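So that the names make sense, note that chain A is the first sequence line, chain B the second, and so on, each numbered from 1.
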Amino acid sequence: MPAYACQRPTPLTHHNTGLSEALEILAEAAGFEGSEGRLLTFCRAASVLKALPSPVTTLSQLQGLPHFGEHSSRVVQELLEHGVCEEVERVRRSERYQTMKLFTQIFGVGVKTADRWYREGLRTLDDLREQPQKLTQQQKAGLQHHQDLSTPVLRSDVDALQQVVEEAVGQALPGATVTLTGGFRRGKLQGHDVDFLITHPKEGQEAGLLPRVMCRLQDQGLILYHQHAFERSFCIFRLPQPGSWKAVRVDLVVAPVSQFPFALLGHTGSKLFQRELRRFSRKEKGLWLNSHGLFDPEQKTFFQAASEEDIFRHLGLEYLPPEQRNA
DNA sequence: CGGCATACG
DNA sequence: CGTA
DNA sequence: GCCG
Ligand SMILES: O=c1ccn([C@@H]2O[C@H](COP(=O)(O)NP(=O)(O)OP(=O)(O)O)[C@@H](O)[C@H]2O)c(=O)[nH]1
Ligand SMILES: [Cl-]
Ligand SMILES: [Cl-]
Ligand SMILES: [Mg+2]
Ligand SMILES: [Mg+2]
Ligand code: NA
């Protein structure tokens, strides 16, 4: 079992679901408290279990697994012996965890904002609605749409949204393409949003594209919220439903075709997979990876990539299709 | 002990 | 600060 | 919290 998540296949569904979910609760709580390092260890330990080929049934099967020390091993031990981990249950029912979870789930609210509100005494969504002067326009949108945004987006919804995005993109710039990225590209059957990556096969033709796309979607009445030159937009879209509609989060990203493999990789995830890949690149290979490129700081050169396959080869990693990046 | 991904709006 |  |  290699130590970095990008060094091993991680399927979407696996054999240690309950154990990984418990560790991810502790990871989430660590983030709510600002402990990025402990969040990372708990996330990595959880991910290790996702990569295993069968269920963990005895503590000894953790020996030698990366990222399992005393704490994560005790969590697993208690789940195996008693079906529950007291530390995990205590977090789950704590007022602090439940409210930070509720607040950070709002579009436009991060840990630092939720925490300040928590310390001011706020606990519910209606508490926030009662004092709307203290909310950004983005948080106002997130709060208004919060119920719909809390509803999973279905793979069945994605096809309809991709077609209306393609229509607006095709008018904005003939020949531009729309690629589904994010969790659905990894095979997820449901998601918190839909993520698209837009490019054009003629380098440079994509310059200025996203405002043109956003203006056309807005003219069609499809945009309930967006932030407005730019290359990423975090939208709320009107998605038809029988007799009505629902609000859905949609992320649009534009990249030049030269950078498309890097942006596809970077936006296909998982989040942990990308963090680990970047960490692996920098710490093991001495190369700096982002959604634009891969930089050799000694040669002062960028790697040209024509595919995700190229990027894995550049880094000396076995290729992993998106469905095996569910770290 | 230092490190923990990386960038855009 | 928020977002991916 | 864990790794190197
Ligand atoms: O902090 C982040 C968030 C997101 N991302 C990258 O952006 C992609 C989409 O970000 P996302 O927030 O849409 N997450 P996703 O994996 O689609 O699952 P879901 O919750 O169902 O939407 C992720 O899969 C990562 O590739 C990061 O690299 N870092
Ligand atoms: Cl990036
Ligand atoms: Cl990007
Ligand atoms: Mg997504
Ligand atoms: Mg997204
Ligand atoms: Na949020």
* To do: Examine B:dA5: is either OP1 or OP2 under 4.0 Å from a nitrogen or oxygen in the side chain of A:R278? Give yes or no.
  => no

* To do: Would you classify A:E276 as touching base, sugar-phosphate or nothing, given that sugar-phosphate means primed atoms plus P, OP1 and OP2, and contacts are heavy atoms under 4.0 Å?
  => nothing

Run the side-chain donor-acceptor check on residues 172-187 of chain A: report pairs under 3.5 Å with partners two or more places apart or on a different chain.
| unit_1 | atom_1 | unit_2 | atom_2 | d |
| --- | --- | --- | --- | --- |
| A:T181 | OG1 | A:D195 | O | 3.2 |
| A:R185 | NH1 | A:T268 | OG1 | 2.9 |
| A:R185 | NH1 | A:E308 | OE1 | 3.3 |
| A:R185 | NH1 | A:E308 | OE2 | 3.0 |
| A:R185 | NH2 | A:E308 | OE1 | 3.0 |
| A:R186 | NE | A:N326 | OD1 | 2.9 |
| A:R186 | NH1 | A:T268 | O | 2.9 |

* Asked: How many Å lie between CG on A:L294 and P on B:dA5, as a whole number?
  -> 17 Å

* Answer with base, sugar-phosphate or nothing: what part of the nucleic acid does A:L289 contact at a heavy-atom distance below 4.0 Å? => sugar-phosphate

* Could you tell me whether the phosphate oxygens of B:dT6, OP1 or OP2, come under 4.0 Å of any side-chain nitrogen or oxygen in A:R282? => yes

* Expressed as a whole number of Å, how far does the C1' atom of B:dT6 sit from that of D:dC2? -> 22 Å

* **Value in whole Å for how far the P atom of C:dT3 lies from CD of A:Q105** => 12 Å

* **Length of the CZ-P vector between A:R44 and B:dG3, whole Å** => 14 Å

* Asked: Any side-chain N or O of A:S281 less than 4.0 Å from the OP1 or OP2 oxygen of B:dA5?
  -> no

* Asked: Do the non-hydrogen side-chain atoms of A:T10 and A:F273 ever get within less than 4.5 Å of each other?
  -> no

* Structure fact -> Residue set satisfying ring pair (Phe, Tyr, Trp, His ring centres under 6.0 Å) with A:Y97, at least two apart, ordered chain then number -> A:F32

* Please determine, for the side chain of A:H71, which listed nucleotide (D:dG1, B:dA7, D:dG4) has the closest atom? => D:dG1

* Mind checking whether A:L217 and A:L252 have side chains closer than 4.5 Å, heavy atoms only? -> yes

* Starting at the 5' end of DNA chain D and moving along, which residue's nearest nucleotide shows up first, A:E36 or A:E284? -> A:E36

* Asked: Expressed in angstrom and rounded to an integer, what is the separation of A:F103 atom CZ from C:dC1 atom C1'?
  -> 17 Å

* Among C:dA4, B:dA7, B:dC4, which nucleotide sits nearest the side chain of A:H292? -> B:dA7

* Which listed nucleotide (B:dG9, D:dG1, D:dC3) is nearest to the side chain of A:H228? -> B:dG9

* **A:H71 ring center within less than 6.0 Å of A:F42 ring center** => yes

* Rounded to whole angstrom, note down the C1' distance from C:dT3 over to B:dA5. => 15 Å

* Structure fact -> Among the nucleotides D:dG1, B:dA5, C:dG2, whichever has the atom closest to the side chain of A:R275 is B:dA5

* Asked: Can a side chain N or O of A:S233 be found less than 4.0 Å away from OP1 or OP2 on B:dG9?
  -> no

* Describe the nucleic acid contact of A:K271 in one word from base, sugar-phosphate, nothing, applying a heavy-atom distance below 4.0 Å. => base

* Verify the contact: side-chain N or O of A:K283 to OP1 or OP2 of B:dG3, cut-off strictly under 4.0 Å; return yes or no. => no

* To do: Would you indicate, yes or no, if B:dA7 has its OP1 or OP2 atom less than 4.0 angstrom from a side-chain nitrogen or oxygen of A:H267?
  => no

* **Among C:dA4, C:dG2, B:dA5, the one nearest A:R232 by side-chain distance** => C:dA4

* Whole-Å distance separating the CZ atom of A:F107 from the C1' atom of C:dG2 -> 8 Å

* Given the side-chain rings of A:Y225 and A:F107, with only the six-membered ring counted for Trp, is the space between their centroids under 6.0 Å? -> yes

* To the side chain of A:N290, which of C:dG2, D:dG1, B:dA7 is closest? -> B:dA7

* Could you check how far CZ of A:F234 sits from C1' of C:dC1, rounded to whole Å? => 13 Å

* **Length of the line joining A:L277:CG and B:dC4:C1', which is rounded to integer Å** => 15 Å

* Asked: Expressed in angstrom and rounded to an integer, what is the separation of A:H226 atom NE2 from B:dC8 atom P?
  -> 21 Å

